[PDB]
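Following: one structure in structure tokens, then a few remarks.
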Amino acid sequence: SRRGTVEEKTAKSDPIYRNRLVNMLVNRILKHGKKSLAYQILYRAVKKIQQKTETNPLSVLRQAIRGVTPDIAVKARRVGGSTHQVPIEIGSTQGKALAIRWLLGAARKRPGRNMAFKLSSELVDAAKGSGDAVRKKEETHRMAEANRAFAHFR
Amino acid sequence: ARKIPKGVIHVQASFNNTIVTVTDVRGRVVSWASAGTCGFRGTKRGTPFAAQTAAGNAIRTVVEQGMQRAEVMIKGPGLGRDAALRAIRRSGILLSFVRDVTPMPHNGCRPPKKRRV
Amino acid sequence: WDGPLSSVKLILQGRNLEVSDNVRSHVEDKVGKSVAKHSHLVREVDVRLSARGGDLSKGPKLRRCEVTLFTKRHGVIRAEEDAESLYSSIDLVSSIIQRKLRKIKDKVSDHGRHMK
Amino acid sequence: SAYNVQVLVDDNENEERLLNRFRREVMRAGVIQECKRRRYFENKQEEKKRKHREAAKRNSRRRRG
RNA sequence: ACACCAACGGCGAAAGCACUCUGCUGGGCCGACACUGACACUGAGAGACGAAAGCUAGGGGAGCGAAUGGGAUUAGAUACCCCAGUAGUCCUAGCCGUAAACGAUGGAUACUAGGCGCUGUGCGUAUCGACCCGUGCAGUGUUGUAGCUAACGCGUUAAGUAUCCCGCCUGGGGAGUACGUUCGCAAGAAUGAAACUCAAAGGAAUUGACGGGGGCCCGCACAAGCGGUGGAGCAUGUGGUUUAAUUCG
Ligand SMILES: [Mg+2]
Ligand SMILES: [Mg+2]
Ligand SMILES: [Mg+2]
Ligand SMILES: [Mg+2]
Ligand SMILES: [Mg+2]
Ligand SMILES: [Mg+2]
Ligand SMILES: [Mg+2]
Ligand SMILES: [Mg+2]
Ligand SMILES: [Mg+2]
Ligand SMILES: [Mg+2]
Ligand SMILES: [Mg+2]
Ligand SMILES: [Mg+2]
Ligand SMILES: [Mg+2]
Ligand SMILES: [Mg+2]
Ligand SMILES: [Mg+2]
Ligand SMILES: [Mg+2]
Ligand SMILES: [Mg+2]
Ligand SMILES: [Mg+2]
Ligand SMILES: [Mg+2]
Ligand SMILES: [Mg+2]
Ligand SMILES: [Mg+2]
Ligand SMILES: [Mg+2]
Ligand SMILES: [Mg+2]
Ligand SMILES: [Mg+2]
Ligand SMILES: [Mg+2]
Ligand SMILES: [Mg+2]
Ligand SMILES: [Mg+2]
Ligand SMILES: [Mg+2]
Ligand SMILES: [Mg+2]
């Protein structure tokens, strides 16, 4: 990447709901390129989340992600022979990425039976602000703020 | 404790830390704020940020005494020279004069040698 | 050979030659000195011996020792020596290793203030 | 009493203009470079180095511009 | 101890000399004929001065700081960094006489393009007093012609063209040592070998290679991702051991 920068790729839309968001999630849940299976998983997740609650899942997405989006993190810099944790601020695309990721990881580590169930459970917990995916973000903020003194670009 | 309307703020900025003292024209110290007393230690203790919170922290107690106008005294080469001034400003206290008091010998005591680092 | 170096793998390989007991011990000594002092960094010691000349082939009686070190962080320490006797060769390789080693310790382990 | 730099703030006060007025006062007396200079001790040689360097710097900056 | 002034500026034989002032005094340079009339230049020996460290005696002692001590860092750290801190640094009266005491360039005289600068004065002009201009000297700085040089460079302040006096050099180690003398309170300084050993040791420039020197830029090189190896079992290649042979590569 030393020379070239990256062109933008067409942001797709999930077939049923025509979302950029849901589509993002099905691409990151994907393993061994079986899109066939991933869609099934994601939709039986929408079905368990409409099962447990009567609220619109389309919105529970926006809450689940607004909940886990870090606005800041750190980065290790080498400054004057000193290795600092410098609290670099995060771009929006990067925010959504991070988000979906911690969601998915905390979803893969769950005690439950299905992946649909797990994903639903963590969507529910993240929308409530009640779960590991959120806690993780707050930790990143805690360890950003303690290191707040090392951002000289402040 | 003492309600003094106009007084002076001495801010010493050294390379390892910045001290901010608040006083009155009688040459009397009311309250002080150090970047180390805010729960910062050796490295961070020099950064302009710790100076910011030092300044804010003193001006807390100075509005608590209910003071209005102040002069600012800046002594020393360090980073907080610029940083502290900002907090003095955003802390919504009228700024009368801002002076630099960094002492300059006109000749004198022969300094320490050069560190070979 | 050493216990403080027990974490290190001493791999001794004759290429075209047969390895004796005196070469064993001597290798352990001369490589032992080099490695022992910087042991915290060191990982694997690879020593190959190559003989040539005299009755084997054409050219002077050369005995050539190659060693290789690896450290926990830095890879690739290479040293190549040509000389008369195996013993001489080994002494030389040790002389070189020592230098490169303490050059690495020097770089990273100095708390070198590298500002940039 | 004594003073080096005198910055008097009027009641038109906003933070940035004040901060930069002051910053240019300090640039104007050269006080921070001064206390980086008297931090340690210099033999006559580094004094002649500093004189030639700084003087011919600002001087050639006056003769080019 | 003397900020700013301070300058690729001033005086000094060199060492060096800078807050201010006054006093005693050394030189310099310039313009006039006012005068003497070769009174010159150099210098073996000899004499005076001569950074800093050092020493003797008496004071003085803030800061800094050998030595020294603690704290670290490191395999070690009798170092670098930090915390303390004694001699010494300062003054008076002496000794020591060495420095990259460097322009790494002994002194005097004569003579050989310029250009651009500065310091001192003098002249003419400008006004009638500050410039200003052109010029005469005296010194001081940067480019550069002839010529010189092994090159770099030096170039009216020569390392040019000549004359005079003085000091010094005659391959590298051994060695600026030993021995002996002279000087010194000492530390040491001055004068200065030989046996022996080597076929080199050195200067300037060039192409490389290298640099924990710069500046610019690339690569799934790092970062950002996704999946592996290392752990488990087997499959297989090599080393090692074993064997009559585990063919050689
Ligand atoms: Mg680019
Ligand atoms: Mg510091
Ligand atoms: Mg002169
Ligand atoms: Mg006089
Ligand atoms: Mg006559
Ligand atoms: Mg003589
Ligand atoms: Mg004398
Ligand atoms: Mg002295
Ligand atoms: Mg003594
Ligand atoms: Mg000290
Ligand atoms: Mg010690
Ligand atoms: Mg002290
Ligand atoms: Mg004396
Ligand atoms: Mg001499
Ligand atoms: Mg000489
Ligand atoms: Mg003029
Ligand atoms: Mg002249
Ligand atoms: Mg010259
Ligand atoms: Mg020239
Ligand atoms: Mg010559
Ligand atoms: Mg000889
Ligand atoms: Mg050379
Ligand atoms: Mg290069
Ligand atoms: Mg390079
Ligand atoms: Mg690769
Ligand atoms: Mg590619
Ligand atoms: Mg990576
Ligand atoms: Mg395996
Ligand atoms: Mg064959």
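Within each chain, counting starts at residue 1; across the structure tokens, chains are named A, B, ... in the order shown, with ligands numbered 1 upward in that order.
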**Request:** Please return, as a ChimeraX atom specification, all residues of chain B lying within 10 Å of chain E when only C-alpha atoms (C1' of nucleotides) are considered.
**Result:** /B:104-113,115-117
Task: Distance-based interface of chain D with chain E, 12 Å, counting only C-alpha atoms (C1' of nucleotides), as a PyMOL selection string - done: chain D and resi 29-31+34+38+40-41+47-48+51-53+55-56+59-60
If you keep N, CA, C and O atoms, can you produce a file of those selected residues as a CSV table (one decimal), in the first residue's frame?
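Saved result, out25.csv, follows:
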```csv
chain,number,residue,atom,x,y,z
D,29,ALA,N,11.2,38.2,22.3
D,29,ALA,CA,12.3,38.3,23.3
D,29,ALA,C,13.2,37.0,23.2
D,29,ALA,O,14.4,37.1,23.7
D,30,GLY,N,12.7,35.9,22.6
D,30,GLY,CA,13.5,34.7,22.5
D,30,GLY,C,13.8,34.0,23.7
D,30,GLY,O,14.9,33.5,23.9
D,31,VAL,N,12.9,33.9,24.7
D,31,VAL,CA,13.1,33.5,26.0
D,31,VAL,C,13.3,31.9,26.2
D,31,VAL,O,14.1,31.5,27.0
D,34,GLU,N,16.5,30.9,24.9
D,34,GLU,CA,17.4,31.4,25.9
D,34,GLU,C,17.6,30.5,27.0
D,34,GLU,O,18.7,30.3,27.5
D,38,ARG,N,20.9,28.4,28.4
D,38,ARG,CA,21.5,28.5,29.7
D,38,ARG,C,21.2,27.3,30.6
D,38,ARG,O,21.6,27.2,31.7
D,40,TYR,N,22.5,24.3,30.1
D,40,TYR,CA,23.8,23.6,30.3
D,40,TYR,C,25.0,24.6,30.0
D,40,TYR,O,24.8,25.7,29.6
D,41,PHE,N,26.2,24.1,30.3
D,41,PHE,CA,27.4,25.0,30.1
D,41,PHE,C,28.1,24.9,28.7
D,41,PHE,O,28.3,23.8,28.2
D,47,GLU,N,29.9,28.6,21.7
D,47,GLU,CA,29.4,30.0,21.6
D,47,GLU,C,29.7,30.6,20.2
D,47,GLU,O,28.9,31.2,19.6
D,48,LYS,N,30.9,30.3,19.7
D,48,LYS,CA,31.3,30.8,18.4
D,48,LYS,C,30.4,30.0,17.3
D,48,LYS,O,30.0,30.7,16.3
D,51,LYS,N,26.9,31.6,17.5
D,51,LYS,CA,26.9,33.0,16.9
D,51,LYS,C,27.0,32.9,15.4
D,51,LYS,O,26.1,33.5,14.8
D,52,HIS,N,27.9,32.2,14.8
D,52,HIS,CA,28.0,32.1,13.4
D,52,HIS,C,26.7,31.5,12.8
D,52,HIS,O,26.1,32.1,11.9
D,53,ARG,N,26.2,30.4,13.4
D,53,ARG,CA,25.0,29.7,12.9
D,53,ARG,C,23.7,30.6,12.9
D,53,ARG,O,23.1,30.9,11.9
D,55,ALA,N,23.4,34.0,13.7
D,55,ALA,CA,23.6,35.3,13.1
D,55,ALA,C,23.6,35.2,11.6
D,55,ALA,O,22.8,36.0,11.0
D,56,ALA,N,24.3,34.3,11.0
D,56,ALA,CA,24.3,34.1,9.5
D,56,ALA,C,23.0,33.5,9.0
D,56,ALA,O,22.7,33.7,7.9
D,59,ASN,N,20.7,36.6,9.2
D,59,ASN,CA,21.3,37.5,8.2
D,59,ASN,C,21.1,37.1,6.8
D,59,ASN,O,20.8,38.0,5.9
D,60,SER,N,21.3,35.9,6.4
D,60,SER,CA,21.1,35.4,5.1
D,60,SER,C,19.6,35.3,4.8
D,60,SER,O,19.2,35.3,3.6
```
Could you list, as a list in words, all residues that come within 10 Å of ligand 15? Count only C-alpha atoms (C1' of nucleotides) and all ligand atoms.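 I would give the residues around ligand 15 as residues 100, 101, 102 and 104 of chain E.
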task: Could I get the residue neighbourhood of ligand 23 at 9 Å, counting only C-alpha atoms (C1' of nucleotides) and all ligand atoms, as an MDAnalysis selection string?
output: chainID E and resid 210:211 213:214
Q. Leaving out segment 25-32 of chain A and any residue of its chain fewer than 2 positions from it, which residues lie within 8 Å of it when counting only C-alpha atoms (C1' of nucleotides), given as a list in words?
A.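 My list of contacting residues is residues 21, 22, 23, 34, 35, 38, 39, 42, 100, 101 and 104 of chain A.
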